[PDB]
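Chains as they are written, first to last, in the deposited numbering: chain B, 84 to 147, 155 to 187, 218 to 300, 310 to 347; chain A, 83 to 150, 153 to 184, 217 to 300, 310 to 342. Note that CB positions come from ideal geometry on N, CA and C, so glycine has one too. Have a look at the structure below before the remarks.
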Amino acid sequence: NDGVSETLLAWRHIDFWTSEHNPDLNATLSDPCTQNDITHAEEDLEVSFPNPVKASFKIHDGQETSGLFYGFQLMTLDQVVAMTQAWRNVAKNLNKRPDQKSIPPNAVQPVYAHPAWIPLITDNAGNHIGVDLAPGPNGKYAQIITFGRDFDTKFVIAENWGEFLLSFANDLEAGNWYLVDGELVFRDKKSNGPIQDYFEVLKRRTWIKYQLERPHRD
Amino acid sequence: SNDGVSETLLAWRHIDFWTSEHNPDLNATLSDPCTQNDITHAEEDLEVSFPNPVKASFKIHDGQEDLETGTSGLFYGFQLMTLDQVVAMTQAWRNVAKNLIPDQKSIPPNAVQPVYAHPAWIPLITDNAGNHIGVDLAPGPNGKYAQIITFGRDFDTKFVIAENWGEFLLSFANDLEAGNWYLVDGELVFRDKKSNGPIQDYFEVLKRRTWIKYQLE
């Protein structure tokens, strides 16, 4: 019940999909990490990666570069370590010295940077999707969040990495894509909709899901 | 390796020896160890992984209790909680957090989440009045995982009082060894010996020490 199953299922689809519809993108999916690579990374960052994340890394060590997630790049373990230390530097500088918010409220710490936010995806422009290993009081450990330069408001986009990868997989399978050989971008197929930034899609989905759930209290 | 396990083992030696010499009645309240099963069961209940030094401490004493008044707590009146009490109280605070009180703050700033209650604040000590010392498994951006904090009903401002449970237990041990106490075998209370200090609430001592340490660190 950690999301490992989803991680594996998701990668099957994503692997098969890219090979069929975008071999060029498939070609960028790296070989697995070894357990040593992971132990080394865990020791460097003084952190324990969630099971589904470890699972994902043992399938592909990121990408080697048009990014897989509708333009956003799956980070290599080395990139994860480098960027995590980058964010850790930011958090220290901030210690000494734009309202930070969270959807759902109190799910994610209301801060610009946290040492326990491990980035796994990048827009190569300062923004990330990653795992939250230090949730707010109404958050969940190893929930998947957006954070970064332009993420003054953070979003919980999935309960775990597995469910994130799967919802991406389901978008591919549902035909919610346009090619621009080309660059992969999101469009909602059922609505006959325009091209949209995938972060905007994830944000709207989080926002909607939050709202449909508010009624329930118990 | 650098988690405070050493310090936990060392501390409990000085604390076991001290109580036996200066307050056998208090020594008598220190429970037998937990088994690994007790701990695994607790970890499974709370869906949480206890830090190493905490596990170590539990495998020396499962808190304190006595049938015979109420329990005179080890930490200058504050009671070391049994694993059962830890599980029960953690679930109690988890209920509070779900149901959710002035501005919540942290010393050092941003070391502790600025909230009244968090599911990952595991209480280990109680004043039996709503307040705790415990482990923070979800620190703020300038905090440290498994740092030791004050929280509870009267702790709108939270304090990081140690880097880990080991260092906490040891600094308590050092207070005992420095003669910073007074018996009222009666009830154990804090006083600073080296200066001829008054009787003080131990929470007030820890708060002042944290505040001072924060300044010119």
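Range covered by the beta strand (DSSP E) that runs through residue i
i, result
"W237(A)", "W237 to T242"
"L313(A)", "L313 to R316"
Given residue i as reference, the closest of the options once Cα atoms are compared
i, options, result
"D107(A)", "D120(A), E129(A), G157(A) and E89(A)", "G157(A)"
"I264(B)", "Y160(B), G145(B), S222(B) and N244(B)", "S222(B)"
"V180(A)", "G250(A), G246(A) and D326(A)", "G246(A)"
"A227(A)", "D148(A), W336(A), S88(A) and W94(A)", "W336(A)"
"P257(B)", "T266(A), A233(A), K260(A) and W297(A)", "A233(A)"
"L285(A)", "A176(A), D326(A) and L240(A)", "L240(A)"
"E342(A)", "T155(B), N185(B), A93(B) and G311(B)", "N185(B)"
"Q169(B)", "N244(B), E129(B), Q229(B) and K182(B)", "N244(B)"
"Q220(B)", "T273(B), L128(B), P344(B) and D326(B)", "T273(B)"
"residue 151(A)", "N119(A), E89(A) and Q163(A)", "Gap in chain A between 150 and 153; residue 151(A) lies inside it and carries no coordinates."
"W94(B)", "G282(B), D310(B), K338(B) and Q325(B)", "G282(B)"
"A278(B)", "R333(B), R187(B), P235(B) and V231(B)", "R333(B)"
"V330(B)", "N280(B), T266(B), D347(B) and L167(B)", "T266(B)"
"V171(B)", "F315(B), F132(B), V87(B) and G161(B)", "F132(B)"
"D310(A)", "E126(A), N105(A) and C116(A)", "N105(A)"
Opening and closing residue of the alpha helix (DSSP H) in which residue i lies
i, result
"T335(A)", "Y327 to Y339"
"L253(A)", "Run containing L253(A): none; DSSP gives neither H nor E here."
"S139(A)", "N134 to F140"
"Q175(B)", "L167 to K186"
"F162(A)", "Premise fails: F162(A) is in no alpha helix (DSSP H) and is neither H nor E."
"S320(A)", "Unbroken run through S320(A): none, as it is neither H nor E."
"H345(B)", "Run containing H345(B): none; DSSP gives neither H nor E here."
"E129(A)", "Here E129(A) belongs to no alpha helix (DSSP H), and DSSP marks it neither H nor E."
"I217(A)", "Taken as a continuous stretch (DSSP letters only), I217(A) belongs to no alpha helix (DSSP H), as it is neither H nor E."
"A289(B)", "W281 to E293"
Bridge-paired residues (DSSP) for residue i
i, result
"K274(A)", "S222(A)"
"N247(A)", "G268(A)"
"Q146(A)", "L112(A)"
"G259(B)", "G259(B) pairs with nothing; no bridge assigned."
"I97(B)", "In DSSP, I97(B) forms no bridge with anything."
"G157(B)", "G161(B)"
"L92(A)", "Beta-bridge pairing links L92(A) to no other residue."
Per-residue burial, residue i [other beta carbons within 10 Å of its own, 16 or more giving buried]
i, result
"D270(B)", "exposed"
"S139(A)", "buried"
"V276(B)", "buried"
"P323(B)", "exposed"
"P218(A)", "exposed"
"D148(A)", "exposed"
"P344(B)", "exposed"
"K182(A)", "exposed"
"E89(A)", "buried"
"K137(B)", "buried"
"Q229(A)", "buried"
Cutoff 8 Å: residue i Cβ touching any chain D Cβ
i, result
"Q229(B)", "Protein chains in the displayed structure are B and A, and chain D is not among them."
Residue i beta carbon near the ligand SAM (any heavy atom closer than 7 Å)
i, result
"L112(A)", "The ligand SAM is not part of this structure, which contains no ligands at all."
Contact between the stretch 136-145 of chain A and the stretch 108-116 of chain A: three or more CB pairs below 8 Å? Three or more Cβ pairs drawn from the stretch 136-145 of chain A and the stretch 108-116 of chain A lie within less than 8 Å of each other, which places the two stretches in contact.
For the stretch 99-106 of chain B against the stretch 240-260 of chain B, do three or more pairs of beta-carbon atoms, one drawn from each stretch, fall closer than 8 Å, so that the two count as touching? Per the Cβ contact rule, the stretch 99-106 of chain B is not in contact with the stretch 240-260 of chain B (fewer than 3 Cβ pairs under 8 Å).
If contact is defined by three or more beta carbon pairs under 8 Å, each pair taking one atom from either stretch, is the stretch 281-298 of chain A in contact with the stretch 318-326 of chain A? Result yes; three or more Cβ-Cβ pairs closer than 8 Å.
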